[PDB]
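Report on the following structure.
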Amino acid sequence: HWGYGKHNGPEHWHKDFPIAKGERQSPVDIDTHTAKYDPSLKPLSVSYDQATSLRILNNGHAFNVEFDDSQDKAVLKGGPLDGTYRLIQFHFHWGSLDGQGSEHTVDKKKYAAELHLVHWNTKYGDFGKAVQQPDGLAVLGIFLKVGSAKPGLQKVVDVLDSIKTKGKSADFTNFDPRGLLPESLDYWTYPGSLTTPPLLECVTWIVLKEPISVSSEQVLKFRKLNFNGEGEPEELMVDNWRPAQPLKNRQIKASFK
Ligand SMILES: NS(=O)(=O)c1ncc[nH]1
Ligand SMILES: [Zn+2]
């Protein structure tokens, strides 16, 4: 099954998931001179005051920090969205070196990593239903560049040594995802997909223009994770990103001028 290596990576996914070559795939390159400022877009509403993190899991592709999504405790609303989307998990995509790692690009620039806060539309009742719908998910994408440390990232990076290999999880309560946000909520938005199999076309992408800064030491610790299971030959978890996909018949809108 699928992964990020030469033999099972993005160029192979279409064989088991033919939607890989569909009309609304992600990620995409954001051409900042083609995206149109849309003065009808609202400010995002990111309501994470009551967020309840539970657990962190190495799933063999990335690590997910999971939230209690059994009530409306951490929600994304506003922006291009209608209705209420509950945070279920966040995760990252990152590179073997700082010059690559992000899935979205900005005028072809790749950032060192990209954070995805994944939310599902409550009008569909559960995540498995939501991913069957064109407006089922909203993913908030945040670029990471390497410079100064991100203080609110450090609790994530210090637990990584305890979930080194596929299938390992650890308690991860009381984490505040508001410490992963940049200062500005200006964003681009377009209709797309999950960037991992099954690649379903159910996502409203909201990608923030302002990257967060993380330290070289912080991203080095991401790169010490493993794709493999315990006791298996070591395969460092690096380069777990899908490259940019054709934009096709889609328009990327900017919330800012
Ligand atoms: N990478 S992504 O945010 O499209 C995603 N979320 C859950 C599975 N894949
Ligand atoms: Zn992702």
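Letters for chains follow the order of the structure tokens (A, B, ...), residue numbers begin at 1 for each chain, and ligand numbers begin at 1 in the order shown.
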Exercise for review: Write out as a ChimeraX atom specification each polymer residue (protein, DNA or RNA) that has an atom no more than 12 Å from ligand 2, with only C-alpha atoms and all ligand atoms counted.
Suggested key: /A:26-27,61-65,89-94,101-104,113-119,138-143,193-197,199,203,205,207,240-243
What does the file look like for those residues with N, CA and C atoms, as a short mmCIF file (atom, residue, chain, number, x, y, z; two decimals), in the first residue's frame?
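Listed below is the output, again.cif:
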```cif
data_model
loop_
_atom_site.label_atom_id
_atom_site.label_comp_id
_atom_site.auth_asym_id
_atom_site.auth_seq_id
_atom_site.Cartn_x
_atom_site.Cartn_y
_atom_site.Cartn_z
N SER A 26 -5.58 18.31 -4.72
CA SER A 26 -4.67 19.15 -3.94
C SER A 26 -3.37 18.39 -3.65
N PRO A 27 -2.30 19.12 -3.32
CA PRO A 27 -2.23 20.56 -3.23
C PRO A 27 -2.03 21.19 -4.60
N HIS A 61 2.66 7.65 8.20
CA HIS A 61 2.71 8.67 7.08
C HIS A 61 3.11 10.00 7.68
N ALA A 62 2.54 10.32 8.84
CA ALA A 62 2.84 11.55 9.54
C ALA A 62 2.51 11.24 11.03
N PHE A 63 2.42 12.25 11.89
CA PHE A 63 1.79 12.07 13.22
C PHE A 63 0.58 12.98 13.30
N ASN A 64 -0.50 12.45 13.88
CA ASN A 64 -1.70 13.26 14.03
C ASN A 64 -1.85 13.57 15.49
N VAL A 65 -2.11 14.82 15.80
CA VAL A 65 -2.56 15.22 17.16
C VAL A 65 -4.10 15.25 17.04
N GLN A 89 -8.23 16.76 13.92
CA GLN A 89 -6.78 16.42 14.12
C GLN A 89 -5.98 17.45 13.39
N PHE A 90 -4.75 17.63 13.84
CA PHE A 90 -3.78 18.27 12.96
C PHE A 90 -2.55 17.42 12.77
N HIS A 91 -1.85 17.70 11.68
CA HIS A 91 -0.62 16.98 11.32
C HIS A 91 0.20 17.92 10.43
N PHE A 92 1.39 17.47 10.10
CA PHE A 92 2.36 18.20 9.22
C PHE A 92 2.81 17.35 8.07
N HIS A 93 3.35 18.07 7.09
CA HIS A 93 4.11 17.47 6.02
C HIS A 93 5.45 18.18 5.98
N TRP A 94 6.57 17.46 5.86
CA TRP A 94 7.88 18.11 5.90
C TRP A 94 8.89 17.40 5.03
N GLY A 101 9.16 20.41 1.44
CA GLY A 101 8.41 19.88 2.62
C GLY A 101 6.93 20.26 2.50
N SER A 102 6.67 21.52 2.05
CA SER A 102 5.26 21.94 1.98
C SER A 102 4.59 21.26 0.79
N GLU A 103 3.28 21.16 0.87
CA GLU A 103 2.46 20.61 -0.24
C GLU A 103 1.96 21.75 -1.11
N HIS A 104 1.28 22.75 -0.55
CA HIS A 104 1.07 23.95 -1.34
C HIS A 104 2.38 24.68 -1.54
N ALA A 113 7.93 23.08 5.69
CA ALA A 113 6.90 22.11 6.19
C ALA A 113 5.55 22.83 6.02
N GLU A 114 4.46 22.09 6.25
CA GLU A 114 3.11 22.68 6.19
C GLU A 114 2.29 21.93 7.23
N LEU A 115 1.61 22.72 8.02
CA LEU A 115 0.66 22.24 9.04
C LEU A 115 -0.78 22.27 8.49
N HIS A 116 -1.53 21.20 8.75
CA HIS A 116 -2.93 21.05 8.33
C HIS A 116 -3.75 20.76 9.55
N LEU A 117 -4.66 21.71 9.81
CA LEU A 117 -5.70 21.55 10.86
C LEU A 117 -6.94 21.14 10.13
N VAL A 118 -7.39 19.91 10.42
CA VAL A 118 -8.47 19.28 9.61
C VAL A 118 -9.79 19.38 10.36
N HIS A 119 -10.85 19.90 9.68
CA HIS A 119 -12.17 20.07 10.37
C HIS A 119 -13.25 19.49 9.47
N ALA A 138 -12.96 21.23 5.96
CA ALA A 138 -12.21 22.51 5.78
C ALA A 138 -10.87 22.26 6.41
N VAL A 139 -9.82 22.46 5.60
CA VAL A 139 -8.45 22.28 6.09
C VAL A 139 -7.74 23.63 6.10
N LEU A 140 -7.28 24.05 7.29
CA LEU A 140 -6.51 25.25 7.47
C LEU A 140 -5.05 24.89 7.30
N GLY A 141 -4.40 25.47 6.27
CA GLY A 141 -3.03 25.13 5.95
C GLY A 141 -2.13 26.29 6.39
N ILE A 142 -1.01 25.99 7.02
CA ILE A 142 -0.12 27.04 7.58
C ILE A 142 1.29 26.63 7.19
N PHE A 143 1.99 27.48 6.49
CA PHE A 143 3.41 27.19 6.12
C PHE A 143 4.37 27.39 7.27
N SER A 193 -8.99 18.77 -2.42
CA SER A 193 -9.10 17.37 -1.96
C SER A 193 -8.22 17.08 -0.74
N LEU A 194 -8.37 15.86 -0.21
CA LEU A 194 -7.36 15.35 0.73
C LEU A 194 -6.09 15.16 -0.10
N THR A 195 -4.95 15.39 0.53
CA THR A 195 -3.65 15.24 -0.21
C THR A 195 -3.03 13.89 -0.01
N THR A 196 -3.72 13.03 0.75
CA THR A 196 -3.30 11.63 0.95
C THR A 196 -4.43 10.71 0.47
N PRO A 197 -4.07 9.51 -0.03
CA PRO A 197 -5.15 8.56 -0.30
C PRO A 197 -6.11 8.43 0.88
N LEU A 199 -7.69 10.57 -1.19
CA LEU A 199 -7.64 11.69 -2.16
C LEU A 199 -9.04 12.28 -2.49
N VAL A 203 -12.72 18.86 0.15
CA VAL A 203 -12.06 19.91 1.03
C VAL A 203 -12.21 21.34 0.53
N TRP A 205 -10.13 24.33 0.97
CA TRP A 205 -8.78 24.69 1.48
C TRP A 205 -8.74 26.15 1.87
N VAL A 207 -5.60 28.46 3.08
CA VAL A 207 -4.14 28.47 3.31
C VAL A 207 -3.75 29.86 3.74
N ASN A 240 7.27 13.60 3.33
CA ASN A 240 5.93 13.03 3.29
C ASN A 240 4.96 14.06 2.74
N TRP A 241 5.28 14.60 1.59
CA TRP A 241 4.44 15.62 0.94
C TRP A 241 4.09 15.16 -0.48
N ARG A 242 2.91 15.54 -0.92
CA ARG A 242 2.46 15.36 -2.32
C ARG A 242 2.82 16.65 -3.09
N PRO A 243 3.36 16.53 -4.32
CA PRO A 243 3.64 17.75 -5.08
C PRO A 243 2.36 18.43 -5.61
#
```
Review point. Near range 219-235 of chain A, within 8 Å and counting only C-alpha atoms, which residues show up once chain neighbours fewer than 5 positions away are dropped, as a VMD selection string?
Key: chain A and resid 60 to 62 94 to 96 146 157 160 to 161 163 to 167 214
Practice item. Run DSSP on the backbone and grab whatever in range 66-249 of chain A lands in helix (DSSP H, G or I); send it over as a PyMOL selection string. Key: chain A and resi 122-124+127-130+151-163+177-180+216-222
Since we have the selection now, will you write its residues out, keeping N, CA, C and O atoms, as a compact mmCIF listing (two decimals), in the first residue's frame?
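Result written to selection.txt:
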```txt
# COMPACT_ATOMS: atom_id res chain seq x y z
N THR A 122 -20.32 19.84 10.49
CA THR A 122 -21.20 19.13 11.42
C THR A 122 -22.60 18.78 10.83
O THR A 122 -23.24 17.94 11.47
N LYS A 123 -22.82 19.48 9.61
CA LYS A 123 -24.17 19.10 9.10
C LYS A 123 -24.19 17.65 8.61
O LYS A 123 -25.29 17.09 8.36
N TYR A 124 -23.03 17.02 8.47
CA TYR A 124 -22.98 15.62 8.03
C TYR A 124 -22.78 14.64 9.18
O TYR A 124 -22.73 13.45 9.01
N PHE A 127 -17.24 12.36 10.57
CA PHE A 127 -16.17 12.56 9.58
C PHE A 127 -16.29 11.67 8.38
O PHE A 127 -16.08 12.10 7.24
N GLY A 128 -16.64 10.37 8.61
CA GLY A 128 -16.76 9.44 7.50
C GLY A 128 -17.87 9.83 6.52
O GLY A 128 -17.71 9.60 5.36
N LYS A 129 -18.96 10.43 7.01
CA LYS A 129 -19.96 10.96 6.11
C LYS A 129 -19.49 12.22 5.40
O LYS A 129 -19.80 12.48 4.25
N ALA A 130 -18.79 13.05 6.16
CA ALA A 130 -18.40 14.38 5.62
C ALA A 130 -17.50 14.21 4.44
O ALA A 130 -17.60 14.98 3.46
N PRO A 151 7.42 28.74 20.05
CA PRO A 151 7.22 28.23 21.42
C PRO A 151 6.08 27.24 21.58
O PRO A 151 6.29 26.19 22.21
N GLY A 152 4.99 27.43 20.84
CA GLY A 152 3.80 26.62 21.03
C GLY A 152 3.94 25.29 20.28
O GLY A 152 3.09 24.42 20.46
N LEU A 153 5.00 25.12 19.50
CA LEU A 153 5.32 23.82 18.85
C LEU A 153 6.11 22.92 19.76
O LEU A 153 6.13 21.69 19.57
N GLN A 154 6.80 23.46 20.80
CA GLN A 154 7.78 22.63 21.46
C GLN A 154 7.13 21.42 22.20
O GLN A 154 7.73 20.39 22.21
N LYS A 155 5.90 21.52 22.74
CA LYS A 155 5.35 20.35 23.40
C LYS A 155 5.15 19.17 22.39
O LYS A 155 5.26 17.99 22.76
N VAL A 156 4.84 19.54 21.13
CA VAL A 156 4.70 18.50 20.09
C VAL A 156 6.10 17.87 19.87
O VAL A 156 6.29 16.65 19.85
N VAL A 157 7.12 18.70 19.69
CA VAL A 157 8.37 18.07 19.29
C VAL A 157 8.94 17.28 20.49
O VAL A 157 9.58 16.23 20.25
N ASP A 158 8.59 17.63 21.73
CA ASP A 158 9.22 16.83 22.78
C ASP A 158 8.61 15.47 23.03
O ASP A 158 9.26 14.62 23.66
N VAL A 159 7.39 15.21 22.52
CA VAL A 159 6.83 13.89 22.63
C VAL A 159 7.20 12.95 21.47
O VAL A 159 6.85 11.75 21.50
N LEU A 160 7.83 13.50 20.41
CA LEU A 160 8.04 12.69 19.20
C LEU A 160 8.94 11.45 19.45
O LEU A 160 8.72 10.41 18.83
N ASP A 161 9.89 11.59 20.37
CA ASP A 161 10.76 10.45 20.65
C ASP A 161 9.93 9.27 21.23
O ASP A 161 10.36 8.13 21.13
N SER A 162 8.73 9.52 21.80
CA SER A 162 7.90 8.45 22.35
C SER A 162 6.94 7.80 21.36
O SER A 162 6.27 6.77 21.69
N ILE A 163 6.90 8.36 20.13
CA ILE A 163 6.06 7.78 19.08
C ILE A 163 6.89 7.64 17.77
O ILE A 163 6.47 8.00 16.69
N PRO A 177 -3.88 24.46 20.42
CA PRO A 177 -3.42 24.68 19.03
C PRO A 177 -3.38 26.16 18.61
O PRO A 177 -2.80 26.50 17.55
N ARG A 178 -3.94 27.04 19.46
CA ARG A 178 -3.80 28.46 19.13
C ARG A 178 -2.33 28.84 19.10
O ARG A 178 -2.00 29.80 18.41
N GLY A 179 -1.43 28.14 19.79
CA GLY A 179 0.01 28.49 19.72
C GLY A 179 0.75 28.10 18.47
O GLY A 179 1.96 28.40 18.38
N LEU A 180 0.03 27.50 17.50
CA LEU A 180 0.61 27.17 16.18
C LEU A 180 0.24 28.21 15.11
O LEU A 180 0.69 28.08 13.94
N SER A 216 15.47 25.31 13.36
CA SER A 216 16.13 24.15 12.72
C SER A 216 16.06 22.93 13.65
O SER A 216 15.78 21.79 13.19
N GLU A 217 16.26 23.13 14.96
CA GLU A 217 16.22 22.02 15.93
C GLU A 217 14.83 21.40 16.02
O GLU A 217 14.72 20.16 16.18
N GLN A 218 13.79 22.23 15.96
CA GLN A 218 12.45 21.71 15.95
C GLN A 218 12.18 20.81 14.72
O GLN A 218 11.72 19.65 14.84
N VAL A 219 12.51 21.30 13.52
CA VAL A 219 12.24 20.47 12.30
C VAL A 219 13.21 19.24 12.22
O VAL A 219 12.79 18.18 11.77
N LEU A 220 14.44 19.34 12.78
CA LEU A 220 15.28 18.16 12.82
C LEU A 220 14.66 17.04 13.59
O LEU A 220 14.83 15.86 13.22
N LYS A 221 14.00 17.37 14.69
CA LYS A 221 13.28 16.37 15.49
C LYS A 221 12.10 15.72 14.73
O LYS A 221 11.90 14.51 14.88
N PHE A 222 11.37 16.44 13.88
CA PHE A 222 10.38 15.80 13.01
C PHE A 222 11.07 14.74 12.16
O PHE A 222 10.53 13.69 11.93
```
**Study point:** Residue nearest residue 110 in chain A among A:254, A:170, A:28, A:51 (counting only C-alpha atoms)
**Key:** A:28
Point to revise | All strand (DSSP E) positions in range 30-230 of chain A, as a PyMOL selection string | key: chain A and resi 30+36-37+44-47+53-58+63-67+75-78+85-94+105-106+113-121+137-146+169-171+187-192+203-208+212-214
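One finds CA of residue 125 in chain A at 11.1 Å from CA of residue 84 in chain A.
Using only C-alpha atoms, the smallest distance between any of A:82, A:72, A:29, A:23 and residue 137 in chain A comes from A:82.
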Exercise for review: Using only C-alpha atoms, determine which residues lie at most 6 Å from residue 79 in chain A, disregarding the query and same-chain residues fewer than 5 positions distant; provide the list as a ChimeraX atom specification.
Suggested key: /A:41-44
Print the selection's residues with C-alpha atoms to a file, as a PDB file, in the first residue's frame.
```
ATOM      1  CA  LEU A  41     -14.859  36.805   1.711  1.00  0.00           C
ATOM      2  CA  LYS A  42     -15.249  37.088   5.486  1.00  0.00           C
ATOM      3  CA  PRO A  43     -12.607  37.036   8.217  1.00  0.00           C
ATOM      4  CA  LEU A  44     -12.040  33.492   9.283  1.00  0.00           C
TER       5      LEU A  44
END
```
Exercise for review: Show which residues sit within 9 Å of residue 185 in chain A, as a PyMOL selection string. Count only C-alpha atoms, and ignore same-chain residues fewer than 3 positions away.
Suggested key: chain A and resi 43-44+181-182+208-210
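Residue nearest ligand 1 within the list A:172, A:188, A:85, A:120: A:120 [criterion: smallest interatomic distance, only C-alpha atoms and all ligand atoms].
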